[PDB]
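One chain is shown next in structure tokens, namely the form deposited in one PDB entry.
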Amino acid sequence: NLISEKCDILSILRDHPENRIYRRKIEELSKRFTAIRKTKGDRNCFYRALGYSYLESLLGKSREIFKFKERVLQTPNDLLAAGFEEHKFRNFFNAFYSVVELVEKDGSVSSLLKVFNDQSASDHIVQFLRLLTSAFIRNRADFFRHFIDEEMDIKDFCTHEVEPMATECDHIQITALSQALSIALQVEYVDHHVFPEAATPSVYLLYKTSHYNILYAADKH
């Protein structure tokens, strides 16, 4: 499946024999986190992980859901301001928005996970999040241009490394999407620019070999 059920932290070792060199780190994670979900490794897992994990965190939080829904409703304007024609992002927006309404009206983890495990609806959701990232980059080109070579074109970067499905993310894309959606994200690293520890993150991800899974904090008891 695209997004797994919750499993033990220590399952990162017991499975995967490659992972035994990082046993002490995995054991320290096991004291701060209580679970991990696995995402398929298809070059889209940053977008799929962040989008699932963030929408999961909103379940049952009326006022957070309210404010997120209002931001997502403004997203067509970011897209249009970036140069995308309504014609082209429409179906991706609709699919994203329909998961936000599931969150708001259904409110259940199992229905959410069912959308994110449906290849088609889930890839639309990814493609939305990618176009949003690209829009955000392009509308803030004066900032994001400092992250690539001064003779490279930020627009090429969006066209080739952000918009197409199955292009791996890197720090630019993670910074752009998180800022676009106002997500407080903490990335943990099992073993080129680290992400900071967050105050009260809604999403924790575990990074290893350019792949992202989702962590759940035992910030508790």
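One rule holds for the numbers: they count along the sequence shown, beginning at 1. We call the rigid core the largest set of C-alpha positions that still match within 1.5 Å between the two forms.
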Unmodelled deposited residues between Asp191 and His192: none, 1 to 3, 4 to 9, or 10 or more?
4 to 9
Which is higher on mean Cα B factor in this entry, 74-82 or 132-140?
74-82
Check the entry's C-alpha temperature factors for 105-113 and 121-129, then say which stretch has the higher mean.
105-113
Peak C-alpha temperature factor (PDB record), options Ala180, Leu50, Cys169, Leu58:
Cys169
For the CA B factor values reported in this entry, which option in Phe33, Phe68, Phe195, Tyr54 has the top one?
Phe195
Thinking about Cα B factors across the chain, which third does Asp156 belong to?
middle
So, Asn213's CA B-factor, relative to its chain, sits in which third? The lowest
Report the third (lowest, middle or highest) to which the CA temperature factor of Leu205 belongs, ranking only the modelled residues of the same chain.
lowest
Sorting the chain's modelled residues by C-alpha B-factor, tell me whether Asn44 ends up in the lowest, middle or highest third.
middle
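What follows is about the form deposited in another entry, which we do not show.
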Out of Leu73, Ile148, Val100, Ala121, the position with Cα displaced 2 angstroms or more between this form and the one not shown on rigid-core fit is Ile148
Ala198 C-alpha shift between this form and the one not shown of 2 Å or more, rigid core reference
yes
Closer or farther: C-alpha pair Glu197/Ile172 in the other form, relative to this form, given a change of 3 Å or more
closer
Looking in the other form, are the Cα atoms of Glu197 and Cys7 closer together or farther apart than here, the change being 3 Å or more?
farther
